[PDB]
Amino acid sequence: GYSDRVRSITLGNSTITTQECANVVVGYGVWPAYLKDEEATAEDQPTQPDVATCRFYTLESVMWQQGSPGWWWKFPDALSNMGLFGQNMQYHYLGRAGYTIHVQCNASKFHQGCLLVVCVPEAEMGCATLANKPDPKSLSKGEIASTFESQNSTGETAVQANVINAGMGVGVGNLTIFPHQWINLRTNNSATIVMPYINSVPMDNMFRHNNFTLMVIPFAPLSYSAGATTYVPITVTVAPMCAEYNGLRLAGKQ
Amino acid sequence: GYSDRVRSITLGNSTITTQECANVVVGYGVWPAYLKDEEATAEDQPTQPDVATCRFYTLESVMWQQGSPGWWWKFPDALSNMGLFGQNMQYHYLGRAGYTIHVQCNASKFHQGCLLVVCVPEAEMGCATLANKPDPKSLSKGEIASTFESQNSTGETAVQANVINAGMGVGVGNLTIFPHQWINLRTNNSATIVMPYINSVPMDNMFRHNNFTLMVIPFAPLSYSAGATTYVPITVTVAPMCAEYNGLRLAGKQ
Amino acid sequence: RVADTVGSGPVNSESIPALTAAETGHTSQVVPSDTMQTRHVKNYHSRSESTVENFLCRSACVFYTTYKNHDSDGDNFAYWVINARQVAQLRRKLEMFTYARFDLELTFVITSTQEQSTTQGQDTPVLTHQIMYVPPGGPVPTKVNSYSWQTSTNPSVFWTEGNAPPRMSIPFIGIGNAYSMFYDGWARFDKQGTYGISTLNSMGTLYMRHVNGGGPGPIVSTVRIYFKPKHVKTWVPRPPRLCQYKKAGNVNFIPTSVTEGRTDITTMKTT
Amino acid sequence: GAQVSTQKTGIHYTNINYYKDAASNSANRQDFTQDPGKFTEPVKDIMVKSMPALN
Amino acid sequence: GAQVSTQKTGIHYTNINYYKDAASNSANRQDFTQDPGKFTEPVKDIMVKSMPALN
Amino acid sequence: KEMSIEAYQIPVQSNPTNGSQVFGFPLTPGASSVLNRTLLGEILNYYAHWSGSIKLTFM
Amino acid sequence: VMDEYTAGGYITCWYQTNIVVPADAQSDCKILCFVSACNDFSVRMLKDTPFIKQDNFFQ
Amino acid sequence: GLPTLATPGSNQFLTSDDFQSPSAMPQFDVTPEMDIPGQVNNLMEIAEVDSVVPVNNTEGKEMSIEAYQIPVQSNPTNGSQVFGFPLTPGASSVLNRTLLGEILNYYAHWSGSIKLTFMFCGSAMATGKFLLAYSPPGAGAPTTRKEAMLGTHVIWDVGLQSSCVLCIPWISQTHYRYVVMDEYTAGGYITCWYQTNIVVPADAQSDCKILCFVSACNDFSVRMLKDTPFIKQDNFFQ
Amino acid sequence: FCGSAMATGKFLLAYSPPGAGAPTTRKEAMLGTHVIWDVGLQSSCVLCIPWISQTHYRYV
Ligand SMILES: CCCCCCCCCCCCC/C=C/[C@@H](O)C(CO)NC(=O)CCCCCCC
């Protein structure tokens, strides 16, 4: 009694069910796990919240439309405001963690469209204006998704959001090297990735560095005939995995 | 991970996939194979093209309509113009071969209709005019399907195409003794038969004799509500199996 | 070495090697043996030349400067802040990986040219240069002769024109367990200020200068720096740089088309 | 105290390191490791080619 | 890990390959193979000198 | 369309005729406006010789 | 590079059986295509990409 | 002649090379080695030694011995701060010039734990409890005894043991930190506060002085050699 | 779920222990114990309120 669509994931007080899936993409084949004494530098004992932090936080939803170019969410921060995760995140200088990203979107057998769900580690972005650097608010808005554009972005300090380049000066159609799954309304329902901690250092600050960005770009525009339900939302749900923290002190960010 | 609908057939550079099927009807239980030294008369060594000839040739398509009475294709000839098969067929006096017939037609869950796909060996047909014999062009038009009628055919040298008798003076509803499968839009998608060499002689000429005729007759008329896609094509794909040839010489046909 | 081909005959099954679900994100391990008949072919081809090591291990110019043999006020020496983003060639190569780790093979090509004057009776001796590396924090030179050129600790190279180009080896001097090619982060914990790789960047300056003035006639020497990664390690592949580069300190770019266009979606006559 | 390795052919070559810092050594090109399973099939679920990705 | 080969006379010489690509090696001149039967006597029929080429 | 994300969208629809062509490009992965700029294309453009089989997946 | 000596052939796609749709369902759709090499693929001869140029040192 | 192919780097002069070379004085008989006391093998054995830190390098005091005298006294309020400086041993006006600082300034990379020792130099009749604390970089710098206390700390009571050893542990995103001041490699903040005001009897000095010593722990190390920015020169000396 | 077999949708069923107020946002509610129920062929989802109390029993 099963279908390689069926699926039940549980972490803490949260639980995910999948009535339509492919498989589950797992980072670079590497499954997340706690930092070993052999790869560590911080000598103080780390905190491992566990259940209190490694659970499923569900960000604000977004509406998909026939013109929607795409969306993205920086990650170390985005959960900066989620329960005890965001907290341990404010009281500590260092932290490291893996994640279980689950993008959910559903239509009917009569709707059609296709989304690309990827996890770009170290997604440095360019500025709309060659001479400057894009301001923080343009880079990430926490749980509020940021948007790509179906054209060139404009001046001052915004990000060069034109989708064709994912704001990174590359060919949008090549993002497929990073961990990803496709949500093809016709056969899909949800996408699930398991990003492990990926960085050139055992641990890092969480407000100063975004070790990866989730992007949801539609390659096959949404469509439907008149009469069909017109509002098709997309919802991102993420869960920290094996979060450790070091260097405790007062809270904030400089 | 399977469905008795799923299906992948490969011969040469060609490959067939079946997302919706029943099974695969196999001749009279007999699977095609090369002529044994014990059943042979021609003493010269035969040619076995193999890959070059035993592959999938896909004939011209035909449009199914709410009135379509049916179609048929004589076979030894029909492939008389297909690559190296047709060639070996022109340069040799004798030849024998089996086949893998695959009729494909697809509609939506909202369309309905039902086709009968059969392989009538030795399908001798009558003339529309009692006193004469039906001319060649009326019998077969190579890759171009011939048509049955929803009434009596007329004069000169045409074939008595009225469907109720399959132009053979029998009850159309009894063709089911010959190898066949049904394409019931509601549950089907394709039909596949494996006709072995069937004849009263180890080998035969290929331009003078049609050892069998494929017929596609609709018993359940196609229908659909307004708005549904109106063009529903049918496509025949056939592949020679274990073709041998004897008596090489110049090419043509008397 | 590459995998050789397997002999394939005709098939008839419910097995669907031709159909999958790309939505999976898993790439198909489909060989030609499936979906078609094949002969047997013992393939000897080797991938030896596409190894990360070989892709990078080749000297490449990363920059170069100038300085005169003469000039009052000192001021006739040059410097350059080590970094690998001022050149298009190599940058794009290194930027095909997010993180990398490697040793570096430094090779310098020094040349001198003489400019027009009125000066006469010129019989110029050999030219000897000095390239001095200055780790970050070290005292930097001010004039062609400030004490700091003693290099009592800073390593440097002395070279006489006419000989084989100078060369040294540098170990993996990174602070972290690897070099970072990109950095979606800031310098300060209040996201104010510098954003980009430019923050991880900090590897000291390189100082060049003539040791001897040669003659009273005006001369201008140029130093070319060549990097060449060795013993390489690479992690997390990335889409090659599509848009042209615009700045050395950031990712900034101006939007570029995915490729070039053709007449129809059917034109074989490619652009 | 040298070492002999095979050459790149379709015979070996002797070699000794003369410097104390391993960074001084030449690039190791006789290397040949490879794992595509990271980039392709990074699914937690092993997929049989003959089977469908949905059942 | 060197190798000694005889010289061209009417005594040997030691030798070591210092490079990793066999293409870097010197020309092999100590070679001496030879088959004239390709160019002369390429007949499917062996001919006896004492005999005639027609009988 | 090379300036838009539509460059990747192959058009398909209901037709009143059979056999119509959908698209076509030459197996010239290295210098073809279509392929040359892919992951495979990009890599190829750093070399001069190539050999092997290719996988084209359609969704 | 594109050398007729080393021509590679042609890749084409055709309608085997027109796209059939019920009422109130989109007739036109889109197909995506992905390219990649098989386990017998290889490359030789290193060279700079013709894809990245430059005019002065960056800043 | 054995066939030779010279490679780049030939006839080159690399300050930090290391080859054999001909002796200008053959068969020279060197004077026998003696056994002088206190031999050093590594510059670290130096930096593991304590030296006084000029914490009160304030308003002209750097010219006097007072630079090392931390002021402390009886207060009419709790929580008042005693002092504070950043964990930037390499380029900090306070530290950089110590034994540890001096050594550091000859390198560019550093890693390890630090020992800050405090010595109370008030009358034996004086009492008081202090809160020595280190707050890693991330949030601002502590400005309350609270805040400071949410960090790594030790509460030092001044009993017969007049010397307290706080111990700044190594806590960084990276293994090493630049010796220069780079915000990427920020080091955090070191602060000290009154846990319980200085209590004194009659006829005993209210104000006293605390001395502070810095030194490295057994896990400390350094990398990348470079000249000190501390010693200049204009012409050859005479 | 008793809607037409052509209908779809994902729901978030959640239980938040007493202590703070009552959730008034999908967020807040989601910080509690929950299950996200997608309506596929399995039309019946089972949330399961676990026993969590300061005391063993609770008054009726
Ligand atoms: C006489 C002898 C003179 C020798 C002079 C040696 C000079 C040092 C040359 C080092 C070149 C390293 C190149 C590695 C690339 C990294 O720059 C990049 C690339 O995007 N980013 C980054 O900057 C990565 C961040 C890592 C920070 C490392 C800190 C040392």
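Chains as they are written, first to last, in the entry's author numbering: chain P, 8 to 261; chain D, 8 to 261; chain E, 13 to 283; chain Z, 2 to 11, 25 to 69; chain Y, 2 to 11, 25 to 69; chain S, 61 to 119; chain U, 180 to 238; chain W, 1 to 238; chain X, 120 to 179. Backbone N, C-alpha and C fix where the C-beta goes; we use that ideal spot for every residue, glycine too.
Ligand 1 heavy atom lying under 8 Å from the CB of residue i
i                      : result
residue 77 of chain W  : no
residue 220 of chain E : no
residue 103 of chain E : yes
residue 213 of chain E : yes
residue 29 of chain Y  : no
residue 19 of chain W  : no
residue 107 of chain E : yes
residue 248 of chain P : no
residue 95 of chain E  : yes
residue 112 of chain E : yes
Residue i and residue j closer than 9 Å at C-beta
i                      : j                      : result
residue 244 of chain P : residue 64 of chain P  : yes
residue 55 of chain D  : residue 258 of chain D : no
residue 170 of chain W : residue 131 of chain W : no
residue 41 of chain Y  : residue 8 of chain Z   : no
residue 108 of chain E : residue 22 of chain D  : no
residue 207 of chain E : residue 199 of chain E : yes
residue 217 of chain P : residue 82 of chain P  : yes
residue 118 of chain D : residue 239 of chain D : yes
Rounded C-alpha distance that separates residue i from residue j
i                      : j                      : result
residue 48 of chain W  : residue 38 of chain P  : 42 Å
residue 158 of chain W : residue 124 of chain W : 10 Å
residue 179 of chain W : residue 106 of chain W : 9 Å
residue 68 of chain E  : residue 112 of chain E : 11 Å
residue 109 of chain S : residue 171 of chain P : 30 Å
residue 61 of chain E  : residue 106 of chain P : 36 Å
residue 221 of chain W : residue 102 of chain W : 14 Å
residue 65 of chain Z  : residue 196 of chain D : 20 Å
residue 35 of chain P  : residue 238 of chain E : 33 Å
residue 102 of chain D : residue 40 of chain E  : 41 Å
residue 143 of chain W : residue 161 of chain W : 28 Å
residue 227 of chain E : residue 175 of chain E : 20 Å
residue 158 of chain P : residue 252 of chain P : 41 Å
residue 121 of chain P : residue 33 of chain P  : 21 Å
residue 27 of chain E  : residue 16 of chain D  : 9 Å
residue 139 of chain W : residue 135 of chain P : 31 Å
Burial state of residue i, where buried means 16 or more other Cβ atoms lie within 10 Å
i                      : result
residue 203 of chain D : buried
residue 262 of chain E : buried
residue 25 of chain Y  : exposed
residue 1 of chain W   : exposed
residue 136 of chain W : buried
Counterpart residues of residue i in DSSP-defined beta bridges
i                      : result
residue 226 of chain D : DSSP lists no partner for residue 226 of chain D.
residue 202 of chain D : D/106
residue 47 of chain Z  : Bridge partners of residue 47 of chain Z: none, in fact.
residue 163 of chain W : W/119
residue 73 of chain E  : E/238
residue 213 of chain W : W/52 and W/117
residue 177 of chain W : W/110
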